[PDB]
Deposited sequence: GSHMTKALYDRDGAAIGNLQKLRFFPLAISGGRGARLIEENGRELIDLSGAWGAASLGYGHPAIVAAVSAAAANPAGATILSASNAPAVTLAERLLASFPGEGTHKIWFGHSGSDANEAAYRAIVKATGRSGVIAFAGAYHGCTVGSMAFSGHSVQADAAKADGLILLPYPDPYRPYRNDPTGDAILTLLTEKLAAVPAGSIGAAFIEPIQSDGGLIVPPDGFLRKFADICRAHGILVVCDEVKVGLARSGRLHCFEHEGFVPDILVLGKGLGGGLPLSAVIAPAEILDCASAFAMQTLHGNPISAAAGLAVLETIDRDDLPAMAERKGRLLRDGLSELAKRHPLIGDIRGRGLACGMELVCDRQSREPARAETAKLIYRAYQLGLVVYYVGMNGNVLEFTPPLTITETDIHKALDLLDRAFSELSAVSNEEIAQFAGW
């Protein structure tokens, strides 16, 4: 039986996000090795989780050593040195000396859930501001508000109310705040680059101004950097690009370099408001913790933010070259190695090319390239490879992507129909 056929038989549809029959048995650096023998360049990096790539020496060393001599298995019922070392390391990376503490999780979902629960418990303020198209996780607790003030994301490519500046969204926020009692909203949840929305970098200056308004109202600013955080944006934290510092930082995916690990950096008052309150047995386990430590160590050691900045420009330069040749490309956006490329039927009408996008990723897979699409309209290719990816791998991936566009016709809508996707 083929690996992909075994998968369909053993594993239920519930957790499947499948677009093509990718069936993996290995990985080395930025390359996935399929069962069938072929290597593929990973432009996805498991949605950004594989920050250091596959089999990075630092991850192997840290994880192997931890497995061999684990400081227990939890942070709930015992303090453990790896988790404490990682916590101090995270506090050191954030402007929160004496003011902030750490909460460890398994995922961005449980981390966002925990932040919200803790905010409500600590402040009694259960009202929330979030953006339409926001992704804060896929559990009841994180979809709770992923009471609610929904704002449009300030998208330069598709302005709200005919205002490219985004200032009409700040005016909307002002009205929504005045419409409801002061002290009713406890938190604003932001993505400093929108993920599921289609890798949208907000217009310049918007978020600084957004945060200002929140602070004026005693509203906590929660920055969700599960996707775009830890070196990936060309700086360590994505908010560094934006002229503000959040009250709360949520971290996940790439934090674990392949292991389940998330963290909330939050004021001490928020995280000390109760004990035994948001906890799961393997939270703060020393094997995930040691993996996270290796990720942060490598980020500093190998200057991964500068690597991401340098390699992102190269990638996005590459994409612009393809745009001269392929009219489908309408917008190329991003910071560092978090890039999006939106595909449109007309560049002036900006009408989304959904069908063509689906064929494009399927085709790219046949050619030896792993890339997925996101967006409200299913028309934005997401690029989040290992920060470790080689300049050679980028150029190869660019050729394959070029090839994919030239060969969309080679993919039928019935090959697309076999994979349920989103």
query = Which parts of the deposited sequence have no C-alpha atoms in the model?
reply = 1 to 5, 152 to 163
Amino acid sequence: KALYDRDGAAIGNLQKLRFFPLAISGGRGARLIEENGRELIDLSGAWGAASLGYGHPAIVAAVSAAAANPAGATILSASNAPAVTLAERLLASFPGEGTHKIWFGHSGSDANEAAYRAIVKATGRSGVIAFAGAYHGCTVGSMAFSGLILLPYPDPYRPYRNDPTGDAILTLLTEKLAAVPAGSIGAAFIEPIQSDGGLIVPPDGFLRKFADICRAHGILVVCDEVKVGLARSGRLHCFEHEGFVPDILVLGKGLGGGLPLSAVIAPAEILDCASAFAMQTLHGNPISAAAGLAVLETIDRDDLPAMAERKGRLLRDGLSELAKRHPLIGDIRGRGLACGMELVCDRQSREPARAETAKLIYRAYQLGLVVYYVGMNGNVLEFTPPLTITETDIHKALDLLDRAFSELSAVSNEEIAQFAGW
From here on, numbers count along this sequence of modelled residues.
query = Would 191 to 199 or 217 to 225 have the larger average of its C-alpha temperature factors, as given in the entry?
reply = 191 to 199
ask   = Which wins on mean Cα temperature factor, 28 to 36 or 50 to 58?
value = 28 to 36
ask   = Between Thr74, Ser142, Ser107, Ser233, which carries the biggest CA temperature factor in the record?
value = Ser142
message = By the CA temperature factor listed in this entry, which of these ranks top: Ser320, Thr123, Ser262, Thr85?
response = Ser320
task = Tell me, lowest, middle or highest third: where does the Cα B factor of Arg310 rank within its chain?
result = middle
remark   = Tertile call for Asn162 (CA temperature factor, within chain, third-based) is the highest
inquiry  = Among the modelled residues of this chain, does the Cα B factor of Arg117 put it in the lowest, middle or highest third?
reply    = lowest
message = Where does the C-alpha B-factor of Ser349 rank in its chain, lowest, middle or highest third?
response = highest
key: Assigned third (lowest, middle, highest) for the C-alpha B factor of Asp302   = highest
